[PDB]
4 protein chains.
Amino acid sequence: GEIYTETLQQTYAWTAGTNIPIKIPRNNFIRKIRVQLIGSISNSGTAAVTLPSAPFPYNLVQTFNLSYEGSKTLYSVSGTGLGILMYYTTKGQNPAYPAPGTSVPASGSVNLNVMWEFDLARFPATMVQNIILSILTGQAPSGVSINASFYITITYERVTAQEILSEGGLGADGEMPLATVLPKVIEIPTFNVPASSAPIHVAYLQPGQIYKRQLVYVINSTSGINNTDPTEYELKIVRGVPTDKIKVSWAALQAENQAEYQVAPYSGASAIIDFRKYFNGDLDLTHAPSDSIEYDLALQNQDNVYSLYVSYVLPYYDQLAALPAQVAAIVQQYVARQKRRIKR
Amino acid sequence: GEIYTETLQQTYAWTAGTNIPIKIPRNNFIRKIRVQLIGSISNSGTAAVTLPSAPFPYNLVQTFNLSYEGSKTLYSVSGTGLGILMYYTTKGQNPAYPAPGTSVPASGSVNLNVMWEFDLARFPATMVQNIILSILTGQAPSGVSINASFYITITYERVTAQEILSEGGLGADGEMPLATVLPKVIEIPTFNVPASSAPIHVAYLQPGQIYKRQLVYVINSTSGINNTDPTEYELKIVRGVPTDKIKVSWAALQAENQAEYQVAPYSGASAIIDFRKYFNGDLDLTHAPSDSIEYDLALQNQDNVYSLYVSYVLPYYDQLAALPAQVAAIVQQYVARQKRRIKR
Amino acid sequence: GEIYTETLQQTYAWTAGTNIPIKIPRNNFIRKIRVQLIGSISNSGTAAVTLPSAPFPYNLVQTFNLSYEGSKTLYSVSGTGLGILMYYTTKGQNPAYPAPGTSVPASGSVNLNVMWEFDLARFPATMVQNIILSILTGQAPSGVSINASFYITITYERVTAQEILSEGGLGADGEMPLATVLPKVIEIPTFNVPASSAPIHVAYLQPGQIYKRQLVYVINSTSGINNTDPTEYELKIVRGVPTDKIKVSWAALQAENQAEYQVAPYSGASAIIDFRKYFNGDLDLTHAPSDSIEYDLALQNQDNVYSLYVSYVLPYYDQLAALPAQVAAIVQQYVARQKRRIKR
Amino acid sequence: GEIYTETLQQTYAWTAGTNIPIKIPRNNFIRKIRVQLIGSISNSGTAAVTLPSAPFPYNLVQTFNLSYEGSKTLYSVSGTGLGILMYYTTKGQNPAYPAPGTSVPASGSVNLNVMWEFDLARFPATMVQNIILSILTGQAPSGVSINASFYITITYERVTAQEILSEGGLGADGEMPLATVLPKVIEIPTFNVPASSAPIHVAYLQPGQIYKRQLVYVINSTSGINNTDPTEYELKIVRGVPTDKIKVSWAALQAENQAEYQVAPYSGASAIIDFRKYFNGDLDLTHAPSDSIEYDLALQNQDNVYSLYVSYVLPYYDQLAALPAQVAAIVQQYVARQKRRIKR
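Residues numbered from 1 in each chain as written, not as in the entry; some residues may be left out. Chains lettered and ligands numbered in written order. Part of a larger assembly, values for the part shown. Heavy atoms only, no water.

Peer 1: I would appreciate a short explanation of the sheet that holds strand 15 (residues 200-204) of chain D in the present structure.
Peer 2: The strands that make up a sheet are held in pairs by hydrogen bonds between backbone atoms, and each pair lies either parallel or antiparallel. Residue and element names in this part refer to chain D. Reading across the sheet, the four strands line up as 15-21-17-18 and stay open at both edges, with antiparallel pairing between neighbours. In this open sheet, the two strands that pair with only one neighbour each are strand 15 and strand 18 (243-246). For this sheet the average axis-to-axis angle between neighbouring strands, irrespective of direction, equals 35 degrees. Two elements, strand 17 (residues 232-237) and strand 18, share three bridges in a ladder whose sense is antiparallel. Its bridge partner lying in strand 18, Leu-235 is registered against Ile-246. (Pairing = 2+ DSSP bridges. Helix = DSSP H or I, 4+ residues; strand = E, 2+ residues; numbered from the N terminus. Axes fitted to C-alpha atoms, helices over the stretch in contact; angles between N-to-C directions.)

Now the structure itself:
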């Protein structure tokens, strides 16, 4: 239909340790929602205070949560999480001022402007209820004050009653178009995975969805996200014949990110693993038994691993699979196009 | 066919405030013409002279004008205009030395190397007359002297009589192939759009072509192109039901450019709005009544807004429209490839 | 099939002027082999030693040589050669620390990490014998000591007996699949091509393979690889009526490297010419009579030109051509996917 | 088939803190690999140097790593680990000279002869690639010099194509026989498990394999491996009904080792627990959810607990499980036999 974008008149002040829930107008379907922390970080203290380094500025928003009907979750990431995912998928050019470790002049200030982007493909925002993007801000850097607000830029696509029939009408219960592709960008953080030289089990990818790529990063208590502990990552298919779809050294996985994302590594402790490259197309676990695919980690020390998945579910996956080869062909091209929209 | 590239032996010295007309050899069809200001900027003075900031080096070529038969304008942009479009569409990787503000060693010199590129898709250069690329050079920076020249590099495509037929033969009048897509990158500057917070009408896009993307940038009298007045951009469809295809904050538009072109904003006063992301496919105005789409701006101070469009024309727009779904479809794929070859 | 990647446990200590032969496990077919020099460059001297400039760090590995059966070569390049090919095909994002000219703190050190990537398309490693990637390390920079090892990351594709029947079964003599595409990245060096302003004959591309792209770079005895002598590149069809597919000036050749690769020139003395844009598809000479296409160079001074080609051979190229229009369609589509896989 | 053993022609000199990679010949299947450090430990100093106490001589080989294809790890243990496990599974009868604390006569020497044993059941070595047992030697004891080499003794079993079919032919992907039993003897070291009287959580056994017996030993910073901190061992099943398969005091655990292995305790800080004695048959966690069985330790002080497991995997565990009670009976009888070959 007719994509068209706008910022909402209503903003939200960045306050420390707060949950500022945001209502997303349900005009047409929503393709993507950008959020920007814009203002300045003021140093009113006598000596020039150096801003904390990575994940800053991203961590100013401790967490994000875009879900609808209060029950259904489309997003769940931390600002440091969605922030690094943004950093890669945009050739590391995603707006993030000021850079880590920058000094706020003594009794003067620097400029704040960070961004996130939730890709909802073509989310039927009008057929569902209560899309609330809850931003739980984190903590203000030490010595300086975050003087910003949030600006929601929502991109609607004017899907018509007409176009909807042209992609397979509605679903099973007719709650969304048959060809709906809900992004399920979740982030499951792990604690105290032990220091090892051989990749030890870290966590399972749970079924009920199609995984596109996974952003994994470790958090050392001393260096934060600027350590070099993860040395050997590993995706083992546990169900069926134990097969290693991935057994690459950290250096080499980040090497693939050099070629993949054409940008230097976000830090010594982060990387991305694209499933379409180790499988044929996307890694589907929609109907796969649980604990069939896990990822491992060889950490120099024992730390905390955060794993952000950029996956999506097809709310009518059975009706699309159970479709006539005639219709399935056309419906497939719609869902297929949609799955690629949700990059970041 | 067989694309193939060469430089033209004849070069032209960049002289200040001059018009240097270039004849573009008409061998085969022309896919693209790159022009390069290559030489040095010499400071013969006692003190190290810092070169002007953006748009320099770009404005060393005040304006460009690539057209055929002397009357059909394929291009009409300024070096500052086409130059900035170049800065975005190539991840800011475009050759542009020296950078804004670089110092020319006192009684020593720096290196000059700037580039532009006119994308003509697959322009029937063998079937028209006189492709003359007129470069109206600007002014030599203060304190330094430009000792460069232009190198016209042309990309021909061996479209054969055979193939032209494989795409719908010639036009109605048979002056170019039916499936021709003449790029019409024009640039229309506005003066004194007054200072305001609610976007005031800036200018209408006048019909007679399909718009692919628009590059808007403001020029303050004090800061040149490095101000931050543009705060609110807005695409209002005036004719028909009144609507806003765009109502994004400037911060937010330079935002879509980070994710889009993966490069930092050329300055606080620039951006690009891709029409393909706000309509279904390209923004066509071949037959729309004039004044049906205007774009607005909320400027901090009152300045000059330059609007560069990367739009293209289909000289047989009608036969393409009154052709059979049988043929329309085959011709459609050619106009289709051609339309995207014209990026920059 | 089932792509899956792993690093081999066994690393190899980098020693100056040595040949370190590596056995590459022939588990499944091999798609790409990554090699990384990872460790540090230690300075034990009193004064901080600044590392040699380009080609360092790439030249720490003098040459590479991947072949199977001790007589059939898939690769034959220098670290400086394959290294620069790497610098381009990944937007200059290929891992190469530290950068040229970096200072190793006096009695402290810097970080080493350089990589190469051998694209074997989908090489039938299980059907051949002894895939040995021989690495002939170069020389330790003067004043610092290289303390790294090599890490072999191989990407196998679980091609099955079944799937092989599905692409045309076996070859003529049945030693590899009929649709095999063996990479032939060779590098032919020419010495003392005289100084001239008119591109003088440098060397012919010999037949017996399809050229995908050629990386040419000159080496001044003074500036090493950092000179600006190559001024005029030129691809001449010598057989028949003399024709020029390329007659592009050096500046402009690096220009297409700007748009093509979106990365700054590796040095003033290098470039890449892709045959796909100067012919229709790849420049095939499996059957053109020899000395039928040569490339020229107008060099400022008299130097050494190294020409690295990313070419590939079809071991049963004839049965692919003598296959029924029925089968040729399917086999061709497999050979084609394989041909583009060998990018870097 | 026809079991048969020979020592490999190539030996390897024991040097301090080195990694000596060994290629393991793949003639027939591999039943067991013995490694012996044989030579003498010379004292060149004026006074008789008494050799370090346990784990020496075992720690002369810091670590072991027997894996195939450079990725799949069959063994990952330390010389102190496999060494102590050897000390138990053989009635303390495994060759280990000199004993700990023995005096190397002043300007004279003693005899060195240690031995380790990797039980690979009947590993399909002809069907896999690169079985490389990497011995990363530790440190030469203080005051004496280790003058030995390693002797690789391999036990091949001539499994014939016929015989292989007699147990279910090959697996699903047919890479190893269906009835294969890959030893997975890993060792996971834990750091600083705090001092306590009631057994505190030490670590979980992560899934994907069948555990045979576990060798746990604590390492005090003061007494090394010769302390008596572990006082209360405990195997707690966390998932499902919470249960204690073991809740025996250390004294009593070394007690079950007296009768079990008929040998005095290796040290006050070591023990072994056989799962077949606490479950019915082996403790299998092939598909059990992660974190379902952990082991606890009441330590006098807070120390490092090393947990060596002798577990094994069934690469086709499902086809063995999804096999008819008809075929399952014969295949089970083979795997059952293999599983016990891997004792040590």
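Peer 1: Explain the packing of aromatic side chains here, please?
Peer 2: Aromatic ring pairs are defined here through the distance separating the ring centres and the angle between the ring planes. Enumeration according to the criterion identifies 66 aromatic pairs over all chains in this entry. Here the aromatic rings of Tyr-217 of chain D and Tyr-306 of chain D are separated by 5.4 Å at their centres, their planes lie at 40 degrees, and the arrangement is tilted. Here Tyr-306 of chain D lies in strand 22 (residues 303-313) and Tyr-217 of chain D lies in strand 16 (residues 210-219), a separation of 89 residues in the sequence. Taken individually, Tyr-217 of chain D and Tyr-306 of chain D each receive the classification buried, so the pair is uniform in this respect. One aromatic cluster in this structure is built from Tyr-58, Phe-64, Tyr-75, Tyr-87, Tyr-88, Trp-116, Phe-118, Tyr-261 and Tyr-266 of chain A. (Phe/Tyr/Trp six-rings, centres within 6.5 Å; stacked < 30°, edge-to-face > 60°. Buried < 20%, exposed > 50% of the residue type's maximum accessible area, 1.4 Å probe, protein only.)

Peer 1: Help me understand the sheet that holds strand 11 (residues 131-136) of chain A in this model?
Peer 2: Residues and elements named next belong to chain A. A sheet is described by the order of its strands in space; here four strands give the open sequence 3-11-6-7, paired in antiparallel fashion. Where the open sheet ends on each side, the last strands, each with one partner, are strand 3 (19-23) and strand 7 (72-73). Two strands pair when backbone bridges link them, and strand 6 (residues 66-68) and strand 7 are joined in this way by two bridges, in the antiparallel orientation. For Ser-67, the partnering residue across the bridge sits in strand 7 and is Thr-73.

Peer 1: Which parts of the structure should I look at to understand the nonpolar core?
Peer 2: Soluble globular proteins: nonpolar side chains tend toward being buried together. Residue and element names in this part refer to chain D. One finds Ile-24, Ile-33 and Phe-118 to be the most contacted residues of the largest nonpolar core, which totals 77 residues. Looking at this core, the element that brings in the most residues is strand 11 (residues 109-123), giving eight residues. With near-sequence residues (within four places) excluded, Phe-118 lies in contact with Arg-31, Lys-32, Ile-33, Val-35, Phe-64, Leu-66, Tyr-75, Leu-82 and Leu-133. (Core = buried A, V, L, I, M, F, W, Y, C linked by side-chain atoms within 4.5 Å. Contact = heavy atoms within 4.5 Å.)

Peer 1: It is not clear to me how helix 5 (residues 325-341) of chain C should be interpreted in this structure. Could you clarify?
Peer 2: Note that an α-helix has 3.6 residues per turn; residues three or four places apart therefore point the same way. Taking 1.5 Å per residue, 17 residues should reach 24 Å; helix 5 of chain C reaches 24 Å between its end C-alpha atoms and fits that length. Elements that come into contact with the buried residues of helix 5 of chain C comprise strand 4 (29-43), strand 11 (109-123), strand 13 (144-157), strand 17 (210-219), strand 23 (303-313) and helix 4 (317-321) of chain C. (Expected span 1.5 Å × (residues − 1).)

Peer 1: I tried to follow a positive patch on the surface on my own but got confused; where do I start?
Peer 2: On the surface, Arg-276, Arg-337, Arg-340 and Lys-343 of chain B cluster together into a patch of positive charge. On the secondary structure map, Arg-276 of chain B appears in the loop between strand 21 (270-274) and strand 22 (283-284). (Patch = residues over 30% accessible without salt bridge, like charges linked within 9 Å, V, L, I, M, F, W, Y side chains within 5 Å. Areas by Shrake-Rupley, 256 points an atom, 1.4 Å probe, with all protein chains shown as cover. Salt bridge = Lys/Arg side-chain N within 4 Å of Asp/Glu carboxyl O. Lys, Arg positive; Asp, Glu negative; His and termini not counted. Charge placed at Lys NZ, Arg CZ, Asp CG, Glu CD.)

Peer 1: Would you mind going over the pattern of salt bridges with me for this structure?
Peer 2: As a working rule, side chains carrying opposite charge can pair if their charged atoms are close by. Residue and element names in this part refer to chain A. On inspection of all chains with the given rule, the structure shows 54 salt bridges over all chains. A salt bridge links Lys-277 to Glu-260; its shortest N-O distance comes to 3.4 Å. Here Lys-277, found in the loop between strand 19 (270-274) and strand 20 (283-284), pairs with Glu-260, found in helix 3 (residues 250-261); they are 17 residues apart in sequence, far enough to count as distant. Its salt-bridge partner being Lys-339, residue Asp-282 comes within 3.1 Å of it at the nearest N-O pair. Of this pair, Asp-282 sits in the loop between strand 19 and strand 20 while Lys-339 sits in helix 5 (residues 325-341); the two residues are 57 residues apart in sequence, bridging distant segments of the chain. Here the residues in one salt-bridge network are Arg-31, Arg-122, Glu-157, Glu-163, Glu-167 and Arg-341, joined through shared partners.

Peer 1: How should I be thinking about the relation of the copies chain B and chain A in this particular structure?
Peer 2: The operation linking the two copies of the chain is a rotation about an axis combined with a translation along the axis. Superposition record for chain B on chain A: RMSD 0.4 Å, screw rotation 123 degrees, translation along axis 0.3 Å. Each copy turns onto its partner about a three-fold axis. Residue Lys-91 of chain B of chain B places its C-alpha closer to the rotation axis than any other residue of that unit, at 5.4 Å. Both copies present different contact surfaces, since only 10% of the interface residues of chain B are interface residues in chain A too. (Least-squares fit on C-alpha atoms.)

Peer 1: Explain the pairing of strand 17 (residues 232-237) of chain A here, please?
Peer 2: The side chains of a regular strand alternate between both faces of the sheet. Residues and elements named next belong to chain A. Counting buried residues in strand 17 gives five out of six residues, a clear majority hidden from the surface. For strand 17 and strand 21 (residues 293-298), the ladder comprises six bridges, and the chain directions are antiparallel. Note that in strand 21 the partner of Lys-236 across the bridge is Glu-294.

Peer 1: In this structure, what is going on with the side chain of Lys-212 of chain B? I would like to understand it.
Peer 2: Residue and element names in this part refer to chain B. Counting through the fold element by element, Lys-212 comes out in strand 18 (residues 210-219). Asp-282 provides the closest opposite charge to the buried, unpaired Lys-212, separated from it by 4.6 Å. In this structure, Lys-212 is in contact with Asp-274, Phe-275, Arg-276, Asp-282, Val-310, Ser-311, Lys-339, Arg-340 and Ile-342, ignoring residues within four places of it in sequence.

Peer 1: I keep staring at helix 1 (residues 79-89) of chain A and nothing clicks. Help me out?
Peer 2: Residues and elements named next belong to chain A. Burial analysis of helix 1 places 11 of its 11 residues in the buried class, the great majority of the element. For helix 1, the elements touching its buried residues are strand 10 (109-123), strand 14 (187-193), strand 16 (210-219), helix 3, strand 19 and strand 22 (303-313). Phi for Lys-91, located one or two positions after helix 1, is positive at around 55 degrees.

Peer 1: Sorry if this is basic, but what is going on with empty space enclosed by the protein here?
Peer 2: Think of a ball as big as a water molecule: rolled over the atoms, this probe shows where empty space is left. Applying the stated criterion across every chain yields a total of one cavity of 30 Å³ or more. Its boundaries defined by the atoms lining it, the largest cavity holds a volume of some 60 Å³. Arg-34, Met-86, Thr-90, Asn-94, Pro-95, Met-115, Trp-116, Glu-117 and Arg-344 of chain B together with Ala-255, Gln-258 and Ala-259 of chain C are the residues that line the largest cavity. Among the residues forming the lining of the largest cavity, the class breakdown is six nonpolar, three polar and three charged. (1 Å grid on protein atoms, 1.4 Å probe; cavity = no way out; pocket = protein on both sides within 12 Å on 5 of 7 lines; lining within 4 Å. Points joined across faces, edges and corners; volume = space filled by probe spheres on them. Nonpolar A, V, L, I, M, F, W, Y, C, P; charged D, E, K, R; others polar.)

Peer 1: Honestly, the relation of the copies chain C and chain A in this entry has me stumped. Any pointers?
Peer 2: Least-squares fitting of chain C to chain A yields an RMSD of 0.4 Å, with the transformation described by 1.0 Å of translation along the axis and a rotation of 119 degrees. Little of the interface of chain C is mirrored in chain A, where only 11% of its interface residues again form contacts.

Peer 1: Whenever I open this one, the arrangement of the chains confuses me. Can you help?
Peer 2: Contact analysis covers five pairs of chains in contact, and the most contacts occur between chains A and B. Across the gap from chain B to chain D, with no contact made, the nearest C-alpha atoms are 37 Å apart.

Peer 1: Could you clarify how one ought to interpret the interface of chain B and chain A in this entry?
Peer 2: For interface size, the figure often reported is the accessible area lost on association. Contacts between the two partners involve 21 residues from chain B and, on the opposite side, 21 residues from chain A. Across the chain B/chain A interface, buried area totals approximately 1,600 Å², and carbon plus sulfur atoms make up 49% of it. Counting the surface chain B buries against chain A, the share from its top three residues, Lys-245, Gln-258 and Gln-262 of chain B, is 26%. Viewed at the interface, chain A and chain B are joined by three salt bridges. Here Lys-245 of chain B makes a salt bridge to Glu-2 of chain A, at a shortest N to O gap of 3.9 Å. Scanning the region where chain B abuts chain A turns up nine residue pairs in polar contact. Taken together, the elements giving at least two residues each to the side of chain B that touches chain A come down to strand 20 (243-247) and helix 3 (250-261) of chain B. Here the side of chain B that touches chain A gets six residues from one element, more than from any other, and that element is helix 3 of chain B. Within the side of chain B that touches chain A, the residues separate by chemical class into 10 nonpolar, four polar and seven charged. As judged from the two bridges shared by strand 1 (residues 4-7) of chain A and strand 20 of chain B, these two strands associate in the parallel manner. Note that in strand 20 of chain B the partner of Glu-6 of chain A across the bridge is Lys-247 of chain B. (Buried area = accessible area lost by both parts, 1.4 Å probe. Polar contact = N/O pair within 3.5 Å; in protein donor to acceptor, adjacent residues only side chain to side chain.)

Peer 1: So what exactly am I meant to see when it comes to the environment of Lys-23 of chain D here?
Peer 2: Looking at the element boundaries, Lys-23 of chain D is found in the loop between strand 3 (19-20) and strand 4 (29-43). In this structure, the C-alpha to C-alpha distance between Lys-23 of chain D and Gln-10 of chain D, residues 13 residues apart in sequence, is 9.7 Å.

Peer 1: Which parts of the structure should I look at to understand the interface of chain C and chain A?
Peer 2: Chain C puts 19 residues into the contact, and the matching count from chain A is 21 residues. In total, chain C and chain A occlude about 1,600 Å² of area from one another, counting both sides; carbon and sulfur atoms represent 47% of this. Connecting chain C to chain A are 11 residue pairs in polar contact. Going through the elements one at a time, strand 1 (3-7) and strand 4 of chain C are the ones with two or more residues in the side of chain C that touches chain A.

Nothing here speaks to function; it is all geometry.
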